[PDB]
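A.B. asks: show me the folded form of this:
(chains A, B, C and D, ligands or ions: 46)
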There are 4 protein chains.
Amino acid sequence: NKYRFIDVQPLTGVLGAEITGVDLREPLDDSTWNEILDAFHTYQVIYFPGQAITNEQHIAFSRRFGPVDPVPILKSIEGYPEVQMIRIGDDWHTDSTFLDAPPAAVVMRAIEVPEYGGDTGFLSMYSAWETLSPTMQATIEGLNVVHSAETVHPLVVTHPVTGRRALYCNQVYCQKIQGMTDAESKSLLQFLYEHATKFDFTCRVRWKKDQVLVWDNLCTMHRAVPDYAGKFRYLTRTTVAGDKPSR
Amino acid sequence: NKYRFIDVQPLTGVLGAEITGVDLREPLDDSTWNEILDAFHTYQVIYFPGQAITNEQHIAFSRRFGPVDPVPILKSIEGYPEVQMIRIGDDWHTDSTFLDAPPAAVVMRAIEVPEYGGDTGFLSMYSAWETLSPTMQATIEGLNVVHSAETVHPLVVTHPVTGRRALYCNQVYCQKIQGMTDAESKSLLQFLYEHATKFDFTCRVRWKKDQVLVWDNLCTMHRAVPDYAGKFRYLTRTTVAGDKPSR
Amino acid sequence: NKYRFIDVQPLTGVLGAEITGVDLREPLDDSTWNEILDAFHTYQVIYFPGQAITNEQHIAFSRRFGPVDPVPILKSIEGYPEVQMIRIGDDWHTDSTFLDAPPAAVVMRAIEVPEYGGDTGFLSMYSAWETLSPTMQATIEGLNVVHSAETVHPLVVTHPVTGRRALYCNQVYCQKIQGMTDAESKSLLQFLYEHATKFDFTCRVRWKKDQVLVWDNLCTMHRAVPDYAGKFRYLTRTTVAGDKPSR
Amino acid sequence: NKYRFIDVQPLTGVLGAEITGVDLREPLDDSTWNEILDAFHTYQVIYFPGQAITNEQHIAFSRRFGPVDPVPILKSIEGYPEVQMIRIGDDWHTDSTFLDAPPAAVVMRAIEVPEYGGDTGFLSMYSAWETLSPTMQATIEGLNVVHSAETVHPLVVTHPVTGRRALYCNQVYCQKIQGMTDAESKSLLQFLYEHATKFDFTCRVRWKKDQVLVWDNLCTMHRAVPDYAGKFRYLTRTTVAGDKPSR
Ligand SMILES: O=C(O)CCC(=O)C(=O)O
Ligand SMILES: O=C(O)CCC(=O)C(=O)O
Ligand SMILES: O=C(O)CCC(=O)C(=O)O
Ligand SMILES: O=C(O)CCC(=O)C(=O)O
Ligand SMILES: [Co+2]
Ligand SMILES: [Co+2]
Ligand SMILES: [Co+2]
Ligand SMILES: [Co+2]
Ligand SMILES: [Co+2]
Ligand SMILES: [Co+2]
Ligand SMILES: [Co+2]
Ligand SMILES: [Co+2]
Ligand SMILES: [Co+2]
Ligand SMILES: [Co+2]
Ligand SMILES: [Co+2]
Ligand SMILES: [Co+2]
Ligand SMILES: [Co+2]
Ligand SMILES: [Co+2]
Ligand SMILES: [Co+2]
Ligand SMILES: [Co+2]
Ligand SMILES: [Co+2]
Ligand SMILES: [Co+2]
Ligand SMILES: [Co+2]
Ligand SMILES: [Co+2]
Ligand SMILES: [Co+2]
Ligand SMILES: [Co+2]
Ligand SMILES: [Co+2]
Ligand SMILES: [Co+2]
Ligand SMILES: [Co+2]
Ligand SMILES: [Co+2]
Ligand SMILES: [Co+2]
Ligand SMILES: [Co+2]
Ligand SMILES: [Co+2]
Ligand SMILES: [Co+2]
Ligand SMILES: [Co+2]
Ligand SMILES: [Co+2]
Ligand SMILES: [Co+2]
Ligand SMILES: [Co+2]
Ligand SMILES: [Co+2]
Ligand SMILES: [Co+2]
Ligand SMILES: [Co+2]
Ligand SMILES: [Co+2]
Ligand SMILES: [Co+2]
Ligand SMILES: [Co+2]
Ligand SMILES: [Co+2]
Ligand SMILES: [Co+2]
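C.D. replies: Numbers count the residues shown, from 1 in each chain, chains lettered A, B, ... in the order given. Ligands and ions are numbered 1, 2, ... in the order given. What follows is the structure:
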């Protein structure tokens, strides 16, 4: 690939990629960082295996992407209220979309994982949008969705940095399409979900100790796999803030 | 009701009505005819019980509504190729919509019917449209459907005489929504059909000898009931022509 | 028809019928009553037009069918707590199926109705069962449904008097199929409901003053039509009790 | 793991695994082979990376599993009519199920692959069955499916070697459930397919040169990913025969 400061091993031909040849415990210069971010924007989700960093180093790193909020809930490691831990989102979703302004991204970090199982699967909502017929794109271009646990977001959002359109709806937080009856709203959204969760649009992340991963919370969805029952899974994550999604 | 030359007994509060106090075998004057037609346009389907007319009288009558085509197929009574007889449309549909210009209306006439069973059920596609949320109306306003057995018609049509919008799609003749993929097209149309065939939008016509009925082939659908197996059902019908449906 | 003491005018070829030639204000002898009941069992729903009876006469009449319970809720005419009045069941259903022992039947009586609209539609759940393939009948023969507002009933019930099998489920009161997951339960029941609410299985009752109607609450469903907004509709009904439904 | 002659790196906690520490170009002894096969039966799909074998060696290897048929169609490398090549099954399916006796297994072998993309995804039909409620298992235990391009197979099959029950239906070859109407058959199968193609039941195989993979054609399904457009993908495969599937 066209990348001189980082090695870059794409996971599928649709999203996801792996990054090596960089010590995350050290500071990185503009041209190394310009590459890391240029990658994250093209692949949508990126991971860095065998990065034995510290929580302070975890924060700084996240901050490079954008301001570092705590999510209220979750339990932050006491000492680091920006760094929160993980040990129901086995339905595909993206995170905290009931917020006027949900997270741009999240950076996740493997502490103690199982040998196998406890994968995380992601999918591309650029792709989901992108595979709708021009006629269907037009038909729902201007619709809005009500997300809750309360707010409204557009059904198709433009990425603030990259300007690609991405379909934006998820079954965990989306009540209905504003202005439609429920029979109507249900009808569409179900189609749109059965369409986005196709296997062609997905990828699967294998979890290995001190791997550090970043996903774009606007233009992907993701889901936990429950195939580890019995085995300890302990990861941490910081949350980076984004503007209000828009069309 | 507000009707001085014809008695008028509405079947439901959504469509359909019954008309008496008029000898169909005689000619009718402007103000009697102005009423018959003013009714047909409000009720969408009308019937006239115990009208022992002749096929010539059947034609003239139809012609009052508009030019009288034969449908190729069907079998016309030999002697009257405009008058065709009846003895698969047990799915709801409207007639011959695969035509660049389908029938405006049809006039049907009971020769030998059963005592009961062999009803005909109709429904209102004004109502179907009318009960869609303003937001959903807008969402599909500008879509087109491909009808076959080949042509395109709009998904929402304006009535040429009355100017009411009416949803216009049917599962017997409609392949798909132009420009959409089949998974997409299927999704909508199924909703739209499951929505239009609601019981609230329907009515049911009881068939009795020398009853003469007229239905509006643009803004209704209709379906045969198969509950007469064993009993003779013989009706005739002329077909009145309409312009190309439009939005 | 084969009926010497009552005139009997079947509404469709699937269910429903009309009964005249009997003064309901008078007592009726075994052979007249033997006919009324022999009809109710074949047609599933029966009506008697222009019966200007009294509430006491309404009770006695109902009692001929079976014991006369009050439903708690509903509002009984004060003076007659067995006689309850009517002025959400616009979804098809049958009545009070959340009871260990729901009503066998109900007798309804028209006080002040509109000229048209405010029909009541019924359907046959004998027919619904009856049109399932032998293979599908077998597949769900032994299933149970959980009904609530709490109890279990079989999915296919045998009529206590007639011994015809009837499909027995309804979307207003049925939570799920016992033992199945919700994705599973949903799947079937939706099919079974989309199948039973077909138009071929239905009929529609026209409501006229002092008409008195009886429906079989085990083997039909029924639904109110909302096409009278603005017009006064006042009917009364007594409720006749039935055993626990069984297979 | 409990394996002394082969190294064994499970792909997910549901199916699939990777096998190293064995030169496939050499013969292997009972206890090494007893392990390879004991693995294939537990993981359902297995792969061997960086095995630069020959087509004769490819055949012998396959034969160890069972007799080696050609599939008519496909194009066999001229010189080896048992060894067939690959360069519509982007719907999930299993192979040639329209046969009275479909393939037990297939062995596939990577010649020239892309750097990334052109993955193959598999899923477990043990798991699919296994996650149905006991009540639903019972409900469809005894059903049959008609497969075509013509034959009948059971909807739930017992594995001839292992004796685990596995759900057995696929949307590419299955017409309908025998004895049911199409509305009925459609209803179930759609549920069963929407249920089996869940992400939790899947895995994804990364393709790398001279990797040799074996999948169990009775108890998995699999699907091609179209994310390589432009890049050369050339694999070969032999096909191993199985008895008629049974319950
Ligand atoms: O726990 C994981 O694997 C990530 C899944 C998730 O739902 C989240 O926190 O966004
Ligand atoms: O035969 C009838 O009852 C009318 C039904 C019909 O499909 C038609 O000719 O349009
Ligand atoms: O009010 C009616 O028309 C009868 C409908 C109904 O839901 C009932 O009381 O069972
Ligand atoms: O070509 C592949 O990736 C295997 C997919 C397939 O459909 C097959 O041959 O069974
Ligand atoms: Co390098
Ligand atoms: Co340093
Ligand atoms: Co690596
Ligand atoms: Co420290
Ligand atoms: Co900050
Ligand atoms: Co869940
Ligand atoms: Co707010
Ligand atoms: Co609501
Ligand atoms: Co689907
Ligand atoms: Co889904
Ligand atoms: Co008059
Ligand atoms: Co004259
Ligand atoms: Co009359
Ligand atoms: Co003559
Ligand atoms: Co003419
Ligand atoms: Co049909
Ligand atoms: Co043309
Ligand atoms: Co096509
Ligand atoms: Co529906
Ligand atoms: Co429906
Ligand atoms: Co329908
Ligand atoms: Co008499
Ligand atoms: Co007296
Ligand atoms: Co009468
Ligand atoms: Co009194
Ligand atoms: Co009593
Ligand atoms: Co309702
Ligand atoms: Co109880
Ligand atoms: Co539950
Ligand atoms: Co349907
Ligand atoms: Co329905
Ligand atoms: Co070893
Ligand atoms: Co050697
Ligand atoms: Co390896
Ligand atoms: Co050689
Ligand atoms: Co052989
Ligand atoms: Co395809
Ligand atoms: Co055969
Ligand atoms: Co067929
Ligand atoms: Co689904
Ligand atoms: Co799915
Ligand atoms: Co699917």
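
A.B. asks: can you pull the contacts of the residue of chain A found nearest ligand 9?
C.D. replies: Of chain A, the residue with the smallest distance to ligand 9, taken as CB to the ion, is residue A:67 at 3.9 Å. (C-beta placed from N, C-alpha, C; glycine too.) Residue A:67 makes contacts with A:240-241, as judged by CB atoms under 8 Å, 6 or more residues apart in numbering or on different chains.

A.B. asks: same thing but 6 Å
C.D. replies: When the contact criterion is CB atoms under 6 Å, 6 or more residues apart in numbering or on different chains, the partners of residue A:67 are residue A:241.

A.B. asks: stretch A:6-20: how far from the chain's middle?
C.D. replies: Average the C-alpha atoms of stretch A:6-20, do the same for its chain, and the two points are 15 Å apart (CA atoms, centre = their mean, to the nearest Å).

A.B. asks: ok, residue A:206 to residue B:177 distance?
C.D. replies: Using CB to CB, to the nearest Å, one obtains 41 Å as the distance from residue A:206 to residue B:177.

A.B. asks: distance of the residue of chain A closest to ligand 9 from residue D:165?
C.D. replies: Using CB to CB, one obtains 53 Å as the distance from residue A:67 to residue D:165.

A.B. asks: same deal with residue A:119?
C.D. replies: The value you get for residue A:119 to residue D:165, if CB to CB is used, is 26 Å.

A.B. asks: give me phi/psi at residue A:145?
C.D. replies: Here the main-chain torsion angles of residue A:145 (degrees, to the nearest 10) amount to phi -120, psi 140.

A.B. asks: before we move on, the earlier item: and residue A:206 and residue B:177? Which one has more around it.
C.D. replies: For residue A:206 versus residue B:177, the count of surrounding residues by other CB atoms under 10 Å in any protein chain shown is larger for residue B:177: 26 against 19.

A.B. asks: my guess is residue A:47 meets residue A:213, correct?
C.D. replies: Yes. Here residue A:47 reaches residue A:213: they are 3.9 Å apart, a contact under CB atoms under 6 Å.

A.B. asks: tally up the residues packed near residue A:78, please.
C.D. replies: Taking other CB under 10 Å as the criterion, the count of residues near residue A:78 is 6.

A.B. asks: please, which helix or strand holds it?
C.D. replies: Taking DSSP states H and E as the definition, one finds residue A:78 inside no helix or strand.

A.B. asks: do you know how far it is from ligand 30?
C.D. replies: Between residue A:78 and ligand 30 the distance, using CB to the ion, to the nearest Å, works out to 69 Å.

A.B. asks: who touches residue A:102 in this structure?
C.D. replies: Residues in contact with residue A:102 (CB under 6 Å, 6+ apart) are residue A:96.

A.B. asks: 7 Å instead, please
C.D. replies: When the contact criterion is CB atoms under 7 Å, 6 or more residues apart in numbering or on different chains, the partners of residue A:102 are A:95-96, A:217, A:242, A:245.

A.B. asks: out of these, which are close to chain C?
C.D. replies: Near chain C, taking CB under 7 Å from any CB of the partner chain as the test, no member of the contacts of residue A:102 is found.

A.B. asks: just send those back as CSV, with neighbour count too.
C.D. replies: Formatted as CSV, the entries for the contacts of residue A:102 read as follows, by neighbours: other CB atoms under 10 Å in any protein chain shown:
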residue, neighbour count
A:95, 23
A:96, 19
A:217, 22
A:242, 22
A:245, 24
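
A.B. asks: show me which of those is closest to residue B:84.
C.D. replies: Distance ranking of the contacts of residue A:102 against residue B:84, using CB to CB, places residue A:245 first at 59.1 Å.

A.B. asks: that closest one contacts residue A:158, correct?
C.D. replies: No. Contact status for residue A:245 versus residue A:158: not in contact, 8.5 Å apart, counting by CB atoms under 7 Å.

A.B. asks: burial check on residue A:219, number of neighbours?
C.D. replies: As a measure of burial, residue A:219 has 29 neighbours, counting by other CB under 10 Å.

A.B. asks: burial check on the residue in chain A positioned nearest to ligand 5, number of neighbours?
C.D. replies: Residue nearest to ligand 5 within chain A: residue A:21 (4.1 Å; CB to the ion). Residue A:21 is surrounded by 11 other residues when neighbours are defined as other CB under 10 Å.

A.B. asks: who's in contact with it?
C.D. replies: Contacts of residue A:21 were listed using CB under 7 Å, 6+ apart, and they are A:6-7.

A.B. asks: returning to that earlier point: so which of the contacts of residue A:102 is the closest to ligand 21?
C.D. replies: If you rank the contacts of residue A:102 by distance to ligand 21 using CB to the ion, residue A:245 comes first, at 44.5 Å.

A.B. asks: follow-up on the earlier one: turn the contacts of residue A:102 into TSV, columns for secondary structure.
C.D. replies: Supplementary listing: the contacts of residue A:102 in TSV, determined by DSSP: H, G, I helix; E, B strand; the rest coil:
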residue	secondary structure
A:95	coil
A:96	coil
A:217	coil
A:242	coil
A:245	coil
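
A.B. asks: what separation do you get for the residue of chain A closest to ligand 5 and ligand 32?
C.D. replies: 68 Å.

A.B. asks: check residue A:156 too.
C.D. replies: When CB to the ion is applied, the distance between residue A:156 and ligand 32 equals 49 Å.

A.B. asks: name the nearest residue to the residue in chain A positioned nearest to ligand 19, sequence neighbours excluded.
C.D. replies: Shortest chain A-to-ligand 19 distance, computed as CB to the ion: residue-wise this is residue A:135, at 38.7 Å. Nearest non-adjacent residue to residue A:135, counting by CB to CB, 6 or more residues apart in numbering or on different chains: residue B:179, 3.0 Å away.

A.B. asks: next: residue A:85.
C.D. replies: Spatially, and ignoring its direct neighbours in sequence, residue A:85 is nearest to residue A:236 (5.3 Å; CB to CB, 6+ apart).

A.B. asks: what about the one you found, how many neighbours?
C.D. replies: For residue A:236, the number of neighbouring residues by other CB under 10 Å comes to 20.

A.B. asks: would you say it is within a strand?
C.D. replies: Yes. Secondary structure of residue A:236 (three-state DSSP): part of a strand.

A.B. asks: is ligand 1 contacted by stretch A:144-151?
C.D. replies: No. Counting by CB under 6 Å from any ligand atom, no contacts exist between stretch A:144-151 and ligand 1, the nearest distance being 13.9 Å.

A.B. asks: ok, the nearest residue to residue A:45 once chain neighbours are set aside - contacts?
C.D. replies: By the measure of CB to CB, 6+ apart, the closest residue to residue A:45 outside its immediate chain neighbours is residue A:215, 4.2 Å from it. Counting by CB under 7 Å, 6+ apart, residue A:215 touches A:45, A:105-106, A:122, A:222.

A.B. asks: returning to what we had before: now the contacts of residue A:102 in CSV, with distance to residue B:14?
C.D. replies: Supplementary listing: these in CSV, determined by distance: CB to CB, whole Å:
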residue, distance to residue B:14
A:95, 47
A:96, 46
A:217, 48
A:242, 49
A:245, 42
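
A.B. asks: of all the residues you listed, which comes closest to residue B:91?
C.D. replies: Taking CB to CB as the measure, residue A:245 is the one of the contacts of residue A:102 closest to residue B:91, at 42.9 Å.

A.B. asks: before we move on, the earlier item: can you turn the buried part of the contacts of residue A:215 into a PyMOL selection?
C.D. replies: Only the buried entries of these go into this PyMOL selection, using 16 or more other CB atoms under 10 Å in any protein chain shown:
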select buried, chain A and resi 45+105+106+122+222
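
A.B. asks: restricted to helices, list the contacts of residue A:215.
C.D. replies: Cross-referencing the contacts of residue A:215 against helices under DSSP state H gives no overlap.

A.B. asks: OK, contacts around the residue in chain A that ligand 42 sits nearest to?
C.D. replies: Using CB to the ion, the single residue of chain A nearest to ligand 42 is residue A:199, 31.7 Å away. Applying CB under 7 Å, 6+ apart, we find residue A:199 in contact with D:121, D:202, D:223.
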